[PDB]
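K.L.:
Take a look and give me a structure for this.
(5 chains, ligands or ions: 13)
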Amino acid sequence: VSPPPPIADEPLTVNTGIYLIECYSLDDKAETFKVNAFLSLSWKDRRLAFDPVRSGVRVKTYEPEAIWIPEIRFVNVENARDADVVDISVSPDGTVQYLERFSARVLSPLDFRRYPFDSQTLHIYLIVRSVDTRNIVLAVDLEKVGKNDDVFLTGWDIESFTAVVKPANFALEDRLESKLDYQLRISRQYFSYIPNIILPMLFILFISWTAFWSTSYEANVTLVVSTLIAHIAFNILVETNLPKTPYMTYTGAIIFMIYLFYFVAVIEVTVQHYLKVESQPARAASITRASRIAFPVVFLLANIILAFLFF
Amino acid sequence: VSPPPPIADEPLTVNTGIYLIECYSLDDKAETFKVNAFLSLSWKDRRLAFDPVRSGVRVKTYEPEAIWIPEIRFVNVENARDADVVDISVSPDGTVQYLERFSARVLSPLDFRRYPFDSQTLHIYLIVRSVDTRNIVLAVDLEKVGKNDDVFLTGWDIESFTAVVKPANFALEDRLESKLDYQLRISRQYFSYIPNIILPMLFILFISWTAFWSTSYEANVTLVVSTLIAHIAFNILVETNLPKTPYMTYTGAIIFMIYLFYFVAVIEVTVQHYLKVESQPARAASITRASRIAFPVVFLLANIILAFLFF
Amino acid sequence: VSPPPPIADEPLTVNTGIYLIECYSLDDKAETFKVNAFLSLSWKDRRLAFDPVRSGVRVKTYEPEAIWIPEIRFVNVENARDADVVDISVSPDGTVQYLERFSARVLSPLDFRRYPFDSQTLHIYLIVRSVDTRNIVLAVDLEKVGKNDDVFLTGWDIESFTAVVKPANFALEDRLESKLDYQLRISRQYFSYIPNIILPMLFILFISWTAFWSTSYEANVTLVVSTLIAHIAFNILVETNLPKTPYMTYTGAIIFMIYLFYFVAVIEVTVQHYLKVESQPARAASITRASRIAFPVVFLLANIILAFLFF
Amino acid sequence: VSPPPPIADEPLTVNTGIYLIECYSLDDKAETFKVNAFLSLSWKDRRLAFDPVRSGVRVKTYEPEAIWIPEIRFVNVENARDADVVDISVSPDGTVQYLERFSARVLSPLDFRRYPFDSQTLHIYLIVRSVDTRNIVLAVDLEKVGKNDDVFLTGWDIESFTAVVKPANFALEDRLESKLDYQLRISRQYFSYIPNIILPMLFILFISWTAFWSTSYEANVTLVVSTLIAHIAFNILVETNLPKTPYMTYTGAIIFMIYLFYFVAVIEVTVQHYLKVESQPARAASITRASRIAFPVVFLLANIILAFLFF
Amino acid sequence: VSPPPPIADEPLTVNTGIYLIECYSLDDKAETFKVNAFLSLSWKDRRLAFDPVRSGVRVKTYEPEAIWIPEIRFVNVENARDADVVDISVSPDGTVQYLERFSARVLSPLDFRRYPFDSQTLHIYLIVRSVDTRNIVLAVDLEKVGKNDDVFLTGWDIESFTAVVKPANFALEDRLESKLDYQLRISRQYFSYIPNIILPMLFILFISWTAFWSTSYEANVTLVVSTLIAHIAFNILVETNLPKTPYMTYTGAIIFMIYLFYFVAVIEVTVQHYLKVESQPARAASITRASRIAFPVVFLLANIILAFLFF
Ligand SMILES: [Cl-]
Ligand SMILES: [Cl-]
Ligand SMILES: [Cl-]
Ligand SMILES: [Cl-]
Ligand SMILES: [Cl-]
Ligand SMILES: [Cl-]
Ligand SMILES: [Cl-]
Ligand code: NA
Ligand code: NA
Ligand code: NA
Ligand code: NA
Ligand code: NA
Ligand code: NA
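P.N.:
Numbers count the residues shown, from 1 in each chain, chains lettered A, B, ... in the order given. Ligands and ions are numbered 1, 2, ... in the order given. Coordinates below:
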């Protein structure tokens, strides 16, 4: 078996199409996702053409080893896809119609800057290395690109599955390569983050602020220190569901900013006590009374600034 | 090897049957379940007809590669099933009786709204793609569909294993497809949740309410703060055994509601102190005395409302 | 290849034997165990008989594909066993002696009611499906059933490896089936549970009871609350090494019972304070003096009751 | 293919040799370790002997399927080794020189009595089963047993790789077996345990002892209770890196012993307070002054006793 | 198939080249990394040479089994690489051009001394064992060595991918071996460590130092003890992302040093109280006033010393 010969000096166009059957296991830390899909390929081989009159059949079914099949690979995969050939069908003119059902772990990097209010564009890169005889160029058959209705990705909303129709052909090791881009747009389901992380994290912060309505230093220390410990637990729980990013995330910004409010609340609680012991509770009272308004106002403005910068 | 030819213009009916041997590893986070079962297939291939007078044997046994076997696949699987052919038996009329024992991790979505007092309907989807020569339609052989008595799923009660007899015949990529639905009904064993999560989480809440029978603000802060920290541990322990859902779960609702009771208890504990220091313990006493009745009544009614909304 | 023909109308007896080489990875949560053992099979095939005086050779060695071998499978396995044929030897009369070394993950349910003072009976179920020509029945060759001396299972004491000699012959999908039961009796090594869980869990409880020799409510709150937090940590550490059972475990019972002692200690600590503030420390003293005797006595009796109920 | 015939009535000696290429993943909980090594085998087969004069070659290279190769297996392995044949070479006298590169997960039990100041002897057991024709005996070719210099095992110091030259010949299932022992001596790198576990665990204990220079019961309760909670965290952190042993470990002994010092410190702290309230601070002072000397002396002596018993 | 014969007595030079497609999963604890790359091989086989004028063809394509291919292996791999042959092309003179796309988990040790401000040199070792007929020597074809622009390693900056052109030729088990070194230089992205570990760990330390501006021993105990517990949580969180090293890491040094500051702060807090009770608050005040300057100065200098020693 060898590639079909060119009629003139034109490259062989292999029409592609991916139809997603099952979408699952999106690892945020590993920036991977597992896919189960159909792969449809179509090319013209004149050597396989026949007259439907003499042959007595309008279509001929072949085994993979019997005829020449182009070496189609995925760029961003962990290991080689678990392919299983469904059907190979030849038309009288010699147009081969290949179909296989595969499963692979895809390496698609994620952008956590707006986490957990982020949207992602997952990529599937189809590639073909040109042979010495003739060059192979990929094309998108929009009729054979899709996803079924039951495709669900846990914790994500599947927006669309499209393909960049124009391939990005390039030279690699003195041979041509045709690359295609299959984009799967998704958006995070941030609902669970509100009652599990955001709201309990805010309650522990407001509970620490009840120290501006107390003169008991021993109770204030317990209030601001204990709630800080709960924030450390929340900061740890968050950084376990996320990878180490060289940029600041939206949640990461808020979490880090809250570590300063706890630090300033400790300073205020110490100042109030030092002034009380120094027999000047008039200054201690005015600082405490100011903090009652300062802390919520600065916190609310700081969040408006952050949310503005991130969105 | 090619498909059997039609006597008239009828599609080939492949009679199916799944018999569950072992049911294991139900992942709640991944919404998967591993199954070890028998798969029985039956189709008429007249091309395999024989005379037992001549051949010597009443029933003929073939190897999988020897004869044509229909390409039966599962829709909702992670990877291709680990199949092992048990027996292929052809009768003189050509009726093939296929039997294989497989193992696959099935992708069946779960509903955690009533967790841990929820019931699920797990699905197994058999599918067959029609060939160019003739169409293939699936059928259920109710005699060969079941599960053995020893089938146990850890933490679950296995109700039934049935099949939707009428197949879903639909067009996919210009070819006909026959889909079958194998439903496995299960219900959760909620017993362990009561002494491990529900009751210890209630004890820590009632312990916080002993602050309504105390005038010691420093002891009250320790009481309401420390028990809130224990409740954060309980909220974390629960959200680790569950996936991030875009809906509110029953336990998630209760856990979140308890966060408000700790927040209001902190306000009461602060109010009582502020009034005591302001030299008006008559107001502080009446608020504290009211909270002794208010907190248990509101909590009891709020739970009746939630349980009503969820069930 | 086809099954040996019956001399009369008797079923083919396949003599079995499992010899455990390596026993490892007992997962308590998954109720699985990995095994590496020898499997010996023996049946009579007259078609393979030869004259000992003529042939010269006493025994004939065959390849697996050359001769007919019965399809022996395991019922309670995750996936198909990793078998490797060691030797196939035929006697002059036609008795075949098969030997293979396998490795499989076995699904054997566990009983945690007496945990960590529990004993288990692990099962290995051999099964054979009868063919259309003749029926196949399993038998135990007690000479070829065993385990080597070096077989160690981490955290467990291996008692015995026996087989239920009488097979379970039953009908499944219109064909006969012969099932064998290989039982491996083990008992847990509870030594590590005493200094790591039981004794530290008792020390934290007795430390909470030092609040019956204190009048300082602020110190008593710290004592009873802080120790409860440590007990929650132990309750969590325990439920992570165990699966969700629909029954009460022995440790689970003790752990849950201790939650009540903390709850009553909190009530006593609150009562003592309420009476002190109410200017009647005579009642507060008598309640505190009684609890010094009540708490250890009730705890000691409650444990005798539990241990009695469980053992 | 069949085994070489004996010249007299001598058993076939297969000369072995393992050369470790890569040593990795020593699981302490699972008592396993992965290996990547060369396996060299050598036996005399007269049936393959040739004259180098007429052949015109000093050596002859064969494929594995072409000639008879002895079935060499490993006793203590999880699954069958991932073998890849490097070279098969035959000398004119018929001496076969086999070489393969394998990878296997070895089951070698560990002794944690002196942990983390322990040394281990890892085992690799080569085994050969004798055939009906003639018996097979293993031998060590010390020239072909080694390990490369770059062999590193994370957290361990690799001492030596030697083999017990005399094989253990024994009967198993009516057939003779030749077993060889390849011992890999290693010793733990205990450096990381000192600043991460030992020293931080000692600091928290000495911090608890500052309660012998304080009369504030509320502060002493906070001191001894809080530090005990940190010790529980250290006790848990340690038991997660170790399997459940039916013996006491060196670290396990120290950790458990410290639990008693925390218990006696709580008793002393309670005694001091009870005596203070009972208006006899002269007794309370003498007990507190004694504990300042008693606690460090008893702790220092108790450690000398333990270290002596363990080493 | 056998190796090409030497024209004189020269060894066969196999020109190599690795082109990295995907770089992923760098395990710090396991000191491993998964790669997906192209492997290009080139050698001269005169037995395959042909005339380009009469043959009409300039290049001839062969199957792997058709022609002799050198046994190229990787030294530092877990298991054998998942290779898939892309193309085999022969030139008129007999120069073979092999290309395969592989995936393997590489064992490359890491240096954590400057963690998380460390840089690593990952290694890939190509090796070839010489045959009895002739010796095989490796060479680097710098034209076919590279990495694509999209190669991303989570949490790391990929500097370069180069190869040590001169191979290490050495004797192993009486046969010659040729080894090549492919070095992949990377540097850690330390950005995430600052707001998640470094800065929160510093805030809790400075919060403990507010005890130098307080006379309340009960509040000082709460301050220094509670913050130390948070530091233990940070020490644990760090030692989980790192393997047990026989050397001191930069973070490990800082974390351990901070343990001493908490220990000295506890001593100061005890000294201040003992002097206050001893009715000499003039000495207690001067010690407390000195510690206000001492603790930040000593900490700042100690860090300059450490950073100097490590960098
Ligand atoms: Cl691929
Ligand atoms: Cl280009
Ligand atoms: Cl090109
Ligand atoms: Cl399937
Ligand atoms: Cl099996
Ligand atoms: Cl093996
Ligand atoms: Cl390799
Ligand atoms: Na082909
Ligand atoms: Na077939
Ligand atoms: Na306190
Ligand atoms: Na057979
Ligand atoms: Na052989
Ligand atoms: Na070859």
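
K.L.:
got the residues of the stretch 101-250 of chain A near chain B?
P.N.:
Proximity of the stretch 101-250 of chain A to chain B (CB under 8 Å from any CB of the partner chain) is limited to residues A:101, A:103, A:144, A:152, A:154-155, A:189, A:191-193, A:195-196, A:199-200, A:203-204, A:206-207, A:210, A:213-216, A:218-219, A:222-223, A:226-227, A:229-230, A:233-234, A:237. Heads up, the C-betas are built off the backbone N, CA and C, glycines and all.

K.L.:
What residues does the stretch 101-250 of chain A have near chain E?
P.N.:
A:107, A:109, A:129, A:131-132, A:172-173, A:217-218, A:221-222, A:225-226, A:228-229, A:232, A:235-236, A:239, A:243-248.

K.L.:
now, which of these lie within helices?
P.N.:
When those are checked against helices (DSSP state H), the matches are A:217, A:218, A:221, A:222, A:225, A:226, A:228, A:229, A:232, A:235, A:236, A:239.

K.L.:
between those, which is nearest ligand 13?
P.N.:
residue A:239 (50.7 Å; CB to the ion).

K.L.:
count of residues packed around that closest one?
P.N.:
By other CB atoms under 10 Å in any protein chain shown, the residues close to residue A:239 number 19.

K.L.:
show me what contacts the residue lying closest to residue A:268 once chain neighbours are set aside?
P.N.:
Nearest non-adjacent residue to residue A:268, counting by CB to CB, 6 or more residues apart in numbering or on different chains: residue A:291, 5.2 Å away. Residues in contact with residue A:291 (CB atoms under 8 Å, 6 or more residues apart in numbering or on different chains) are A:212, A:265, A:268.

K.L.:
Using the three-state scheme, assign the residue of the stretch 1-150 of chain A found nearest chain D.
P.N.:
Minimum separation of the stretch 1-150 of chain A from chain D (CB to the nearest CB) falls at residue A:79, amounting to 15.8 Å. Under the three-state scheme (DSSP: H, G, I helix; E, B strand; the rest coil), residue A:79 adopts coil.

K.L.:
That one reaches residue A:105, doesn't it?
P.N.:
Yes: in this structure residue A:79 lies within contact range of residue A:105 using CB atoms under 8 Å: 7.2 Å.

K.L.:
re earlier: what is the neighbour count of the residue of the stretch 1-150 of chain A closest to chain D?
P.N.:
Residue A:79: 14 surrounding residues under other CB under 10 Å.

K.L.:
how much space between it and residue A:153?
P.N.:
Applying CB to CB, to the nearest Å, the value for residue A:79 to residue A:153 is 21 Å.

K.L.:
Can you show me the helices along chain A?
P.N.:
A:52-55, A:193, A:199-208, A:217-240, A:250-277, A:281-310.

K.L.:
Go ahead and measure how far the longest one is from the middle of the chain.
P.N.:
What it means is helix A:281-310. How far helix A:281-310 lies from its chain's middle: 36 Å, per CA atoms, centre = their mean, to the nearest Å.

K.L.:
and the gap between the residue nearest to residue A:296 when sequence neighbours are not counted and residue D:134?
P.N.:
Nearest residue to residue A:296, sequence neighbours excluded (CB to CB, 6+ apart): residue A:209, at 7.3 Å. Residue A:209 sits 88 Å away from residue D:134, going by CB to CB.

K.L.:
residues contacting the residue in the stretch 1-150 of chain A positioned nearest to ligand 1?
P.N.:
Of all residues in the stretch 1-150 of chain A, residue A:74 sits closest to ligand 1, at 3.8 Å by CB to the ion. Residues near residue A:74 by CB under 8 Å, 6+ apart: A:81, A:104, A:106, A:124, A:125, A:126, A:127.

K.L.:
Then residue A:159?
P.N.:
Listed by CB under 8 Å, 6+ apart, the contact set of residue A:159 reads A:119, A:185, A:186, A:187.

K.L.:
Equivalent analysis for residue A:215, please.
P.N.:
Residue A:215 makes contacts with A:272, A:276, B:277, as judged by CB under 8 Å, 6+ apart.

K.L.:
Show me how to select, in ChimeraX, the buried members of these.
P.N.:
In ChimeraX syntax, the buried subset of these is picked out as below (16 or more other CB atoms under 10 Å in any protein chain shown):
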select /A:272
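
K.L.:
Near the closest residue to residue A:295 other than its chain neighbours, how many other residues are there?
P.N.:
Closest residue in space to residue A:295, ignoring its immediate chain neighbours: residue A:209 at 5.7 Å, by CB to CB, 6+ apart. Neighbour count of residue A:209, defined by other CB under 10 Å: 19.

K.L.:
try residue A:266
P.N.:
25.

K.L.:
for residue A:278, same thing?
P.N.:
Counted by other CB under 10 Å, the residues lying close to residue A:278 total 10.

K.L.:
again with residue A:258
P.N.:
Neighbourhood size, residue A:258 [other CB under 10 Å]: 21.

K.L.:
Can you give me the distance of it to residue A:252?
P.N.:
Noted for residue A:258: a distance of 11 Å to residue A:252, by CB to CB.

K.L.:
Give me the outermost residue of chain A relative to its centroid.
P.N.:
The centre of chain A is farthest from one residue, residue A:279, which by CA atoms, centre = their mean lies 59.2 Å away.

K.L.:
and the gap between that residue and residue B:149?
P.N.:
83 Å.

K.L.:
With residue A:271 instead?
P.N.:
Separation of residue A:271 from residue B:149 (CB to CB): 73 Å.

K.L.:
Could you check which of these two is surrounded by more residues?
P.N.:
Neighbour count, other CB under 10 Å: between residue A:271 and residue B:149, residue A:271 has more, with 17 against 5.

K.L.:
quick one, what contacts the residue nearest to that one when sequence neighbours are not counted?
P.N.:
Sequence neighbours aside, residue A:287 is the residue nearest to residue A:271 in space, at 5.9 Å (criterion: CB to CB, 6+ apart). Contact partners of residue A:287, counting by CB under 8 Å, 6+ apart, are A:268, A:271, A:272, A:275.

K.L.:
try 7 Å this time
P.N.:
In this structure, residue A:287 makes contact with A:268, A:271, A:272, judged by CB atoms under 7 Å, 6 or more residues apart in numbering or on different chains.

K.L.:
between those residues, which is closest to residue E:167?
P.N.:
Set against residue E:167, the nearest of the contacts of residue A:287 by CB to CB is residue A:268 (67.7 Å).
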